[PDB]
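Each reported figure results from applying straightforward, stated rules to the coordinates on display, with no laboratory input. Cβ coordinates were reconstructed from backbone atoms using ideal geometry, including for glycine residues, and neighbour counts include every protein chain displayed.
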Amino acid sequence: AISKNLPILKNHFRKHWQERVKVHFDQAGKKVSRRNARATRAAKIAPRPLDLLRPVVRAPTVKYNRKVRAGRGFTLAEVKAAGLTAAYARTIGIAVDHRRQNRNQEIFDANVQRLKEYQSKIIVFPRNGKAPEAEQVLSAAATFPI
Amino acid sequence: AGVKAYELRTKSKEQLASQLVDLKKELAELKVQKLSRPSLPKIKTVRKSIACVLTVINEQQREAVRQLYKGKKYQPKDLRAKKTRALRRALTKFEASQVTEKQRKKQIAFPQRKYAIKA
Amino acid sequence: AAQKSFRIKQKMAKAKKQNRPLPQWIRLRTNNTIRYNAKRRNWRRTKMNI
Amino acid sequence: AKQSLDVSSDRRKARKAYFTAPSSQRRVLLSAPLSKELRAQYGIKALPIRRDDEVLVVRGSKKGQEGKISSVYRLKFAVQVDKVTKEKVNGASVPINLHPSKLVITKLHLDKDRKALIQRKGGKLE
Amino acid sequence: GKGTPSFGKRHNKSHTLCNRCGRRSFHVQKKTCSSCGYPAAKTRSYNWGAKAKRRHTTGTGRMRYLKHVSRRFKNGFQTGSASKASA
RNA sequence: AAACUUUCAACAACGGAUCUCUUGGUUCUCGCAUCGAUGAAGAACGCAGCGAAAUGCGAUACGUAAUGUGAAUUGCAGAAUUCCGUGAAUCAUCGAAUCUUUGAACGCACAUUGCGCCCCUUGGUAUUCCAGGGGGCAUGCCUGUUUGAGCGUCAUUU
RNA sequence: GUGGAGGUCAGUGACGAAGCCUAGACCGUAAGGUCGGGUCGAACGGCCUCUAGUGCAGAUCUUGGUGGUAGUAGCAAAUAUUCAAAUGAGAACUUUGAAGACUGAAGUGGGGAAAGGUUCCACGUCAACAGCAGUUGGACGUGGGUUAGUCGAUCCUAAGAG
RNA sequence: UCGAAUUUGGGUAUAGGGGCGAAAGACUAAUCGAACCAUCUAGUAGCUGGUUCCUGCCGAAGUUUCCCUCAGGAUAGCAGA
RNA sequence: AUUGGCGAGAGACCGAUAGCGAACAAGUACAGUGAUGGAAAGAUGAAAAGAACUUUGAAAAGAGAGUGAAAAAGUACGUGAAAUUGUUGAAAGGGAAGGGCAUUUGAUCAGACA
RNA sequence: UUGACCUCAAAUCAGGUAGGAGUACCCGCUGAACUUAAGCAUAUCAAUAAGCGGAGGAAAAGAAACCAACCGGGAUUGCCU
Ligand SMILES: [Mg+2]
Ligand SMILES: [Mg+2]
Ligand SMILES: [Mg+2]
Ligand SMILES: [Mg+2]
Ligand SMILES: [Mg+2]
Ligand SMILES: [Mg+2]
Ligand SMILES: [Mg+2]
Ligand SMILES: [Mg+2]
Ligand SMILES: [Mg+2]
Ligand SMILES: [Mg+2]
Ligand SMILES: [Mg+2]
Ligand SMILES: [Mg+2]
Ligand SMILES: [Mg+2]
Ligand SMILES: [Mg+2]
Ligand SMILES: [Mg+2]
Ligand SMILES: [Mg+2]
Ligand SMILES: [Mg+2]
Ligand SMILES: [Mg+2]
Ligand SMILES: [Mg+2]
Ligand SMILES: [Mg+2]
Ligand SMILES: [Mg+2]
Ligand SMILES: [Mg+2]
Ligand SMILES: [Mg+2]
Ligand SMILES: [Mg+2]
Ligand SMILES: [Mg+2]
Ligand SMILES: [Mg+2]
Ligand SMILES: [Mg+2]
Ligand SMILES: [Mg+2]
Ligand SMILES: [Mg+2]
Ligand SMILES: [Mg+2]
Ligand SMILES: [Mg+2]
Ligand SMILES: [Mg+2]
Ligand SMILES: [Mg+2]
Ligand SMILES: [Mg+2]
Ligand SMILES: [Mg+2]
Ligand SMILES: [Mg+2]
Ligand SMILES: [Mg+2]
Ligand SMILES: [Mg+2]
Ligand SMILES: [Mg+2]
Ligand SMILES: [Mg+2]
Ligand SMILES: [Mg+2]
Ligand SMILES: [Mg+2]
Ligand SMILES: [Mg+2]
Ligand SMILES: [Mg+2]
Ligand SMILES: [Mg+2]
Ligand SMILES: [Mg+2]
Ligand SMILES: [Mg+2]
Ligand SMILES: [Mg+2]
Ligand SMILES: [Mg+2]
Ligand SMILES: [Mg+2]
Ligand SMILES: [Mg+2]
Ligand SMILES: [Mg+2]
Ligand SMILES: [Mg+2]
Ligand SMILES: [Mg+2]
Ligand SMILES: [Mg+2]
Ligand SMILES: [Mg+2]
Ligand SMILES: [Mg+2]
Ligand SMILES: [Mg+2]
Ligand SMILES: [Mg+2]
Ligand SMILES: [Mg+2]
Ligand SMILES: [Mg+2]
Ligand SMILES: [Mg+2]
Ligand SMILES: [Mg+2]
Ligand SMILES: [Mg+2]
Ligand SMILES: [Mg+2]
Ligand SMILES: [Mg+2]
Ligand SMILES: [Mg+2]
Ligand SMILES: [Mg+2]
Ligand SMILES: [Mg+2]
Ligand SMILES: [Mg+2]
Ligand SMILES: [Mg+2]
Ligand SMILES: [Mg+2]
Ligand SMILES: [Mg+2]
Ligand SMILES: [Mg+2]
Ligand SMILES: [Mg+2]
Ligand SMILES: [Mg+2]
Ligand SMILES: [Mg+2]
Ligand SMILES: [Mg+2]
Ligand SMILES: [Mg+2]
Ligand SMILES: [Mg+2]
Ligand SMILES: [Mg+2]
Ligand SMILES: [Mg+2]
Ligand SMILES: [Mg+2]
Ligand SMILES: [Mg+2]
Ligand SMILES: [Mg+2]
Ligand SMILES: [Mg+2]
Ligand SMILES: [Mg+2]
Ligand SMILES: [Mg+2]
Ligand SMILES: [Mg+2]
Ligand SMILES: [Mg+2]
Ligand SMILES: [Mg+2]
Ligand SMILES: [Mg+2]
Ligand SMILES: [Mg+2]
Ligand SMILES: [Mg+2]
Ligand SMILES: [Mg+2]
Ligand SMILES: [Mg+2]
Ligand SMILES: [Mg+2]
Ligand SMILES: [Mg+2]
Ligand SMILES: [Mg+2]
Ligand SMILES: [Mg+2]
Ligand SMILES: [Mg+2]
Ligand SMILES: [Mg+2]
Ligand SMILES: [Mg+2]
Ligand SMILES: [Mg+2]
Ligand SMILES: [Mg+2]
Ligand SMILES: [Mg+2]
Ligand SMILES: [Mg+2]
Ligand SMILES: [Mg+2]
Ligand SMILES: [Mg+2]
Ligand SMILES: [Mg+2]
Ligand SMILES: [Mg+2]
Ligand SMILES: [Mg+2]
Ligand SMILES: [Mg+2]
Ligand SMILES: [Mg+2]
Ligand SMILES: [Mg+2]
Ligand SMILES: [Mg+2]
Ligand SMILES: [Mg+2]
Ligand SMILES: [Mg+2]
Ligand SMILES: [Mg+2]
Ligand SMILES: [Mg+2]
Ligand SMILES: [Mg+2]
Ligand SMILES: [Mg+2]
Ligand SMILES: [Mg+2]
Ligand SMILES: [Mg+2]
Ligand SMILES: [Mg+2]
Ligand SMILES: [Mg+2]
Ligand SMILES: [Mg+2]
Ligand SMILES: [Mg+2]
Ligand SMILES: [Mg+2]
Ligand SMILES: [Mg+2]
Ligand SMILES: [Mg+2]
Ligand SMILES: [Mg+2]
Ligand SMILES: [Mg+2]
Ligand SMILES: [Mg+2]
Ligand SMILES: [Mg+2]
Ligand SMILES: [Mg+2]
Ligand SMILES: [Mg+2]
Ligand SMILES: [Mg+2]
Ligand SMILES: [Mg+2]
Ligand SMILES: [Mg+2]
Ligand SMILES: [Mg+2]
Ligand SMILES: [Mg+2]
Ligand SMILES: [Mg+2]
Ligand SMILES: [Mg+2]
Ligand SMILES: [Mg+2]
Ligand SMILES: [Mg+2]
Ligand SMILES: [Mg+2]
Ligand SMILES: [Mg+2]
Ligand SMILES: [Mg+2]
Ligand SMILES: [Mg+2]
Ligand SMILES: [Mg+2]
Ligand SMILES: [Mg+2]
Ligand SMILES: [Mg+2]
Ligand SMILES: [Mg+2]
Ligand SMILES: [Mg+2]
Ligand SMILES: [Mg+2]
Ligand SMILES: [Mg+2]
Ligand SMILES: [Mg+2]
Ligand SMILES: [Mg+2]
Ligand SMILES: [Mg+2]
Ligand SMILES: [Mg+2]
Ligand SMILES: [Mg+2]
Ligand SMILES: [Mg+2]
Ligand SMILES: [Mg+2]
Ligand SMILES: [Zn+2]
């Protein structure tokens, strides 16, 4: 089984592979199901906006550090500097990362100003009752693009 | 004809007990006939009636024993809910809603705030 | 055999009772479809294996 | 055009449902249309046939005949009009089996319930 | 002599009826059913015999109790009794 | 020339291709999470006015109670008091019951419808023997109750 | 040339679709196509495309069906039968009577263990079965039948099991 | 051969690279120089057999080289497009 | 994630030797000591209207009749191919038969004249 | 003599829990050979089948003794890569 001037191929089909074939027949299914799942979370979540606020972050390595990219959460430093606590910033749809450390001032001012603008562009309903219906903006990512 | 359930449910515990012996002599006699008569569908109704009295004599002595058990720890297993062998095991809402003293102070102090975006 | 257990004598009793032709009235029922008894057994043709 | 997600146009699913339908379901399947008169008389288009109704065969060979429904033969999906029958060779008589959709209802057999039904559909009555 | 003449001495059962599955697979001297493993607590079964597995799983039988767990669950395991309306 | 053999055709045989069917299968997708010592799954034997089976059920045995429907069931018989009604039905639904002999299967056995023990009760002139009725007695392990063992060991007696 | 799919011919059809038959007609080199008639009874075709579980003479091919063989091989071990009456549509074969024989108590007699499971018995009865027959049967149909303080089991122990 | 290393019933133990064998590779359920059952399994096969419509045009090789190669491959050659 | 379970919507899927082994009293009937193995089998008609009655027959049946739109649908039941068989009709045959080109004879048929 | 303590027992002691089923998917254990390598032992098949234990509606994994080497990222899982 070697003949002609053909490129040597490496078609790994010598285990019982036919046993482990995944046809994504449910691709349209699971998109319909994912859309409905979010339309329920939207409605469960009151006017709250489906996602949390994510920070700016410089991507690692010599290949992606040109770009800037949403990180996990806001570091204890940025949260404080932007004038609120970790414990509370979480209940206000702000993601906080106890693991991220601040070594670059530029990014730091960037995220602290990102927290200013977030606070200035939301409203936090009282604990009481009222619940002054105020209609959900759905993302937040979209609202405060990076 | 045939015996009716809501009509039995008014008779005394011992009227019903005698009704059964009335239907039993009744039945026992029909069976002596059924072997002379080519067919005797009468026997079906008299034997369903026995079943109906018995259900009543039993239904009554049961909701007797429920109530004189109702509202306490421990009552015969067969008056406890059936559900599922594993539903029976599941944690009761109480032992499930439990929260630690420390974490209670947390839910109170920083709870999920109802907020919205726009301005 | 000739001095059996009740379990065996019982199985034979239920056997006997299945060895009967079709009750002919069934042939008349609406949508009836059973023609003959297709599980008929005979002692000298198919042994019942206890 | 079906539109719900809980109707099935599946021709196999249907025929199974019809032939295996339980007695209680066949009662409504065996519906006859009321007669022209009776319809304006009751503000109602048709009704599950029942036994002591009065009917006129408006289809088939026994077109024109009429009579009382003798038995609803739900098992046979067929209703029997006592007055519409076959004689045989040996003189013997035998019901013809008739279908409520090819009959018309001319005089109802009225119950407490039969009326409340006619009113449940939005009718008036005499 | 290994064939027909010797078959005449076949008249002693190696197996009788298996209490747990009524199958005439109950070895007498071994005291154990070759089909279901009685009296071994677990019922005998193998992944190399998928027919014999099908030949016996739940639903090949009355399902005297399991029949109804579905309906009961469907109604949230109702304790009580239905009341009344009219008509 | 028949007979016979052969070939073609018509009509009749044999056989069940073909055509048309389809309450079945196969594959895809969506929704959902519920067996069991509160005895499961499985087995055995039974149960109808007339049933061998399939289905269903358990000595309350093709079913009992309940609820909805609103007049059937139907092969034959049948009841007839059930038709303006706490009411027909081999109906639907099902929340209440019954649920033999078994089965992880639990007093012991079980190629045996074999053999114990306790409690309440009934009859037989009977706490002790026999018989009928009811209710009981498996294993490991956890918490607790009670009763104990050991110079393991502390004190307290005169 | 076939099965299914998009489009189209507002295609064919219970006044007869599909199929099947037909040393009848016609078109094509051919694969095939068209028609007549007969049978039949509910569907079906042309053209442009799409699609594949798409074409059989073979594989000691798979399943089913059928021949020649052939009214043939054969139905010859176990000494043996015969006359009459009765029954019956029908009797070499049933029943009864008569005769001739056999097994010859190491039985072709009288009971049981194992195994069968109703074959036992009666009444009815011959479509299949009993490699001729059948009025007979261990067949078919419908019923009846198995009675225990002392016969067995149950109790005991054996090799052994556990 | 026929009074014993005799025949035989039932019960019981020995199980598959194992048993049992006064030893024949015998016997272990018509299976024995490794039982039966299912599965891995549609095992592999340089070998054998078969491989289904018509017409039209072109149309070969049994030679070279290397091969644990010699009933097979690769390579060139001849062939079509 | 999901060749199990409960409930649903589907398909350029199979169409009774196919599709699951099973569209049916199918994991049945049957085999085996056992583990296991495991079939075949759907379709009268709109409706039984499933053939009264007469006649021959011991009966089964045949022959009339009758039902039906049809018995060229008779519970052997839609259509009912082939191998193979009976009858009738035609024809040929001195150790096979069948085939090619050609024509006589017999049978049969298209078309074209006008 | 009397009362504790420690450790260990017994009850048809009071109340409970475990077994078995199923197993498509999930957590583990255990574990081949056919096969491929044109022979074959490493290798391959395959950390697969068969065997064993244990769960759920999912299981498991999961808030870094992590990735990195950057201007650093920031629980887990899954897809595209
Ligand atoms: Mg090359
Ligand atoms: Mg791969
Ligand atoms: Mg491989
Ligand atoms: Mg999938
Ligand atoms: Mg989805
Ligand atoms: Mg999101
Ligand atoms: Mg940075
Ligand atoms: Mg990067
Ligand atoms: Mg409020
Ligand atoms: Mg439970
Ligand atoms: Mg409890
Ligand atoms: Mg005996
Ligand atoms: Mg068997
Ligand atoms: Mg046996
Ligand atoms: Mg609607
Ligand atoms: Mg409706
Ligand atoms: Mg309506
Ligand atoms: Mg009916
Ligand atoms: Mg009709
Ligand atoms: Mg022999
Ligand atoms: Mg042998
Ligand atoms: Mg033995
Ligand atoms: Mg053992
Ligand atoms: Mg056990
Ligand atoms: Mg078990
Ligand atoms: Mg099981
Ligand atoms: Mg069960
Ligand atoms: Mg409930
Ligand atoms: Mg009402
Ligand atoms: Mg002459
Ligand atoms: Mg021909
Ligand atoms: Mg046929
Ligand atoms: Mg067909
Ligand atoms: Mg049709
Ligand atoms: Mg389908
Ligand atoms: Mg869907
Ligand atoms: Mg019965
Ligand atoms: Mg029934
Ligand atoms: Mg019920
Ligand atoms: Mg009845
Ligand atoms: Mg009444
Ligand atoms: Mg009511
Ligand atoms: Mg009711
Ligand atoms: Mg019902
Ligand atoms: Mg009871
Ligand atoms: Mg029950
Ligand atoms: Mg026990
Ligand atoms: Mg017992
Ligand atoms: Mg004993
Ligand atoms: Mg007393
Ligand atoms: Mg006394
Ligand atoms: Mg007792
Ligand atoms: Mg304790
Ligand atoms: Mg103590
Ligand atoms: Mg086509
Ligand atoms: Mg046809
Ligand atoms: Mg013809
Ligand atoms: Mg011709
Ligand atoms: Mg022509
Ligand atoms: Mg021609
Ligand atoms: Mg032409
Ligand atoms: Mg034609
Ligand atoms: Mg024609
Ligand atoms: Mg035609
Ligand atoms: Mg038709
Ligand atoms: Mg077309
Ligand atoms: Mg094309
Ligand atoms: Mg093919
Ligand atoms: Mg060919
Ligand atoms: Mg061909
Ligand atoms: Mg073919
Ligand atoms: Mg062929
Ligand atoms: Mg051939
Ligand atoms: Mg060929
Ligand atoms: Mg052939
Ligand atoms: Mg022949
Ligand atoms: Mg002859
Ligand atoms: Mg001869
Ligand atoms: Mg001879
Ligand atoms: Mg002789
Ligand atoms: Mg002599
Ligand atoms: Mg005479
Ligand atoms: Mg003779
Ligand atoms: Mg003489
Ligand atoms: Mg004599
Ligand atoms: Mg002599
Ligand atoms: Mg003698
Ligand atoms: Mg002698
Ligand atoms: Mg003798
Ligand atoms: Mg005797
Ligand atoms: Mg016998
Ligand atoms: Mg006798
Ligand atoms: Mg007799
Ligand atoms: Mg005869
Ligand atoms: Mg015989
Ligand atoms: Mg004979
Ligand atoms: Mg004869
Ligand atoms: Mg008999
Ligand atoms: Mg009898
Ligand atoms: Mg004795
Ligand atoms: Mg005893
Ligand atoms: Mg042991
Ligand atoms: Mg060895
Ligand atoms: Mg080996
Ligand atoms: Mg070994
Ligand atoms: Mg053999
Ligand atoms: Mg071996
Ligand atoms: Mg064997
Ligand atoms: Mg192959
Ligand atoms: Mg070679
Ligand atoms: Mg080879
Ligand atoms: Mg060519
Ligand atoms: Mg040339
Ligand atoms: Mg070399
Ligand atoms: Mg060499
Ligand atoms: Mg060769
Ligand atoms: Mg070269
Ligand atoms: Mg060239
Ligand atoms: Mg699925
Ligand atoms: Mg869909
Ligand atoms: Mg579906
Ligand atoms: Mg099939
Ligand atoms: Mg075929
Ligand atoms: Mg096909
Ligand atoms: Mg098959
Ligand atoms: Mg069907
Ligand atoms: Mg079936
Ligand atoms: Mg089996
Ligand atoms: Mg079977
Ligand atoms: Mg059969
Ligand atoms: Mg048909
Ligand atoms: Mg047919
Ligand atoms: Mg029809
Ligand atoms: Mg029909
Ligand atoms: Mg006449
Ligand atoms: Mg006449
Ligand atoms: Mg005739
Ligand atoms: Mg017509
Ligand atoms: Mg016709
Ligand atoms: Mg006729
Ligand atoms: Mg026809
Ligand atoms: Mg007939
Ligand atoms: Mg026909
Ligand atoms: Mg010659
Ligand atoms: Mg010529
Ligand atoms: Mg002219
Ligand atoms: Mg206790
Ligand atoms: Mg388990
Ligand atoms: Mg497992
Ligand atoms: Mg391994
Ligand atoms: Mg392989
Ligand atoms: Mg390799
Ligand atoms: Mg190799
Ligand atoms: Mg090789
Ligand atoms: Mg090798
Ligand atoms: Mg590999
Ligand atoms: Mg490895
Ligand atoms: Mg694999
Ligand atoms: Mg495995
Ligand atoms: Mg969960
Ligand atoms: Mg669960
Ligand atoms: Mg989820
Ligand atoms: Mg940490
Ligand atoms: Mg990460
Ligand atoms: Zn068993």
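Side notes on the structure shown:
- Between B:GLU95, B:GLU29, B:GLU63, the residue with the greatest mean-square fluctuation in the GNM of chain B (Cα pairs under 10 Å linked by springs) is B:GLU95.
- At q = 0.13, 0.26, 0.30 Å⁻¹, base-10 log of I(q)/I(0) for chain C (Debye sum, equal scatterers on each alpha carbon): -0.45, -1.02, -1.18
- Annotation: the residues B:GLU59, D:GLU66, B:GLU101, B:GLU7, sorted from fewest to most other C-beta atoms within 10 Å of their own C-beta, follow the order B:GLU101, B:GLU7, B:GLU59, D:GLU66.
- Long-range amide H partners of D:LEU34 with built H, under 5 Å: D:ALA46, D:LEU47, D:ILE105
- Phi angles across the stretch B:35-44 convert, under the Karplus curve 6.51 cos²θ - 1.76 cosθ + 1.60 with θ = phi - 60°, into 3J(HN,Hα) values of 8, 10, 9, x, 7, 8, x, 3, 4, 5 Hz, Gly and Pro given as x.
- Per-q log10 I(q)/I(0), chain B, q = 0.12, 0.19, 0.22 Å⁻¹ (Debye; single scatterer per alpha-carbon; no solvent): -0.72, -1.05, -1.18
- Point-charge dipole on Cβ atoms (K/R +1, D/E -1) for chain E, about Cα centre, debye to 20: 180 debye
- Cα convex hull volume per residue for chain E (Å³): 234 Å³
- A Cβ-based charge dipole, computed about the Cα centre of chain B with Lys and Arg at +1 and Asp and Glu at -1, lands at about 1000 debye.
- Calculated over the stretch D:3-126, the projected area of the Cα convex hull averaged across directions stands at 10.0 nm².
- Candidates E:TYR65, E:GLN29, E:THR79 compared by Cα position along the dipole of chain E: farthest toward the positive end lies E:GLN29, with charges placed on Cβ.
- Unit charges on C-beta of K, R, D, E only; dipole of chain C, Debye: 160 debye
- Distance between the stretch A:46-81 and the stretch E:21-53 - C-alpha centres, whole angstrom: 64 Å
- Farthest toward the positive end of the dipole of the stretch D:57-126, out of D:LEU108, D:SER61, D:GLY123, is the Cα of D:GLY123, where the dipole comes from beta carbon charges about the Cα centre.
- Building the convex hull from the alpha-carbon atoms of the stretch A:17-74 and averaging its projection over directions returns 7.9 nm².
- Of E:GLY59, E:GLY37, E:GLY76, the residue with the greatest mean-square motion in the GNM of chain E, using alpha carbon springs below 10 Å, is E:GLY76.
- Rounded D (µm²/s) - chain A, Kirkwood Rh over Cα pairs, Stokes-Einstein at 37 °C, 0.692 mPa s: 169 µm²/s
- Each of A:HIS16, A:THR85, A:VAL124 was scored by the projection of its Cα onto the charge dipole of chain A, and the greatest displacement toward the positive side belongs to A:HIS16; charges sit on the C-beta of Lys, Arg, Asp and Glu.
- When all alpha carbon pairs of the protein assembly as shown are counted in 10 Å bins from zero, the resulting P(r) reads 2, 7, 10, 13, 16, 16, 13, 10, 8, 3, 0, 0 %.
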